[PDB]
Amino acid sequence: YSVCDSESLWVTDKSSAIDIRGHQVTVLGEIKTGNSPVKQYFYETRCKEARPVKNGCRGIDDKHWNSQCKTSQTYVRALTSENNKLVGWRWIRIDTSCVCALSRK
């Protein structure tokens, strides 16, 4: 078991993302390093829901803690543009895990 339940998916229609600068950029549809192009896909993992149990994450000490499952993001490099100019590889934020957030009381 986990404190939070996550689910994974192959994302094939990402057209926009926030990059490491905190700016919105366009994510291109495909890539080319070798002989032919490769469509640009991402492997994402997100929370199934915010409260897998009534009071939040599973296994939390209800009396002393508030809790909530949250989707966390990581950086991956992606071929990107800015209003179809300045095409290049940028570090962008994508859903990568589900983490339990805590606060006393």
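Don't overthink the numbering: it's just position in the shown sequence, from 1.
Residue-level annotation: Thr71 has coordinates in all of the other entries compared, counting only those that model residues on either side of it, so it never reaches the one-third mark. In none of the other PDB entries of this protein that model the residues around it does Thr80 lack coordinates, well short of a third. Of the two segments examined, 40-48 and 27-35, it is 27-35 that shows the higher average Cα temperature factor in the deposited entry. Stretches 17-25 and 85-93 differ in mean C-alpha B factor, with the higher average recorded for 85-93. In the PDB entry, a CA B factor belonging to the highest third of its chain's modelled residues is recorded for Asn66. Ranked by Cα temperature factor within the chain, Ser6 sits in the middle third according to the deposited record. In the deposited entry, the Cα temperature factor of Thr74 sits in the middle third of values across the chain's modelled residues.
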